[PDB]
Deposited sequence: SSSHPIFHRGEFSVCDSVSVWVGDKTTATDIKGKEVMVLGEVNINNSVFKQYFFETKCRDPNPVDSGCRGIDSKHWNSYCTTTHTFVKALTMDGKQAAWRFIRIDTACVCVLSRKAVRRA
């Protein structure tokens, strides 16, 4: 059969209040979005690590599992100005290598 090299976990995230946008700024994410008289609860699909990596040649390589991110558009607030901004959310768990000594 087939295994992950790094154990991941995916969930819906419906209680996001803050985030950092693609320009590096800390912004406030609204709970509700409004697209043409249509009220949607603002939800995010995120994946991250489950707390080196499985199946690594540990004789020649140090390693560990790490959470990587994606940018997804979201309704936000940079102080007083509401806007459609890309923000950083968890999207994956991937292994990263390191040569010893």
item	value
Sequence ranges absent from the coordinates, based on the deposited chain and numbered from 1	1-9, 61-66, 117-120
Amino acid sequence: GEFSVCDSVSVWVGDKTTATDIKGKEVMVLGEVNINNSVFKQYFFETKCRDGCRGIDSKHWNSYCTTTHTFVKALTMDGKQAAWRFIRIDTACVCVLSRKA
From here on, numbers count along this sequence of modelled residues.
| property | result |
| --- | --- |
| Unmodelled in at least a third of other entries of this protein, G14 | no |
| Absent coordinates for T66 in a third or more of other compared entries | no |
| Greater mean Cα temperature factor according to the PDB record, 38-46 or 22-30 | 38-46 |
| Mean C-alpha B-factor comparison - 10-18 and 80-88, higher one | 80-88 |
| For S58, the third of its chain into which the C-alpha B factor falls | highest |
| B-factor third for the C-alpha atom of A101 within its chain | highest |
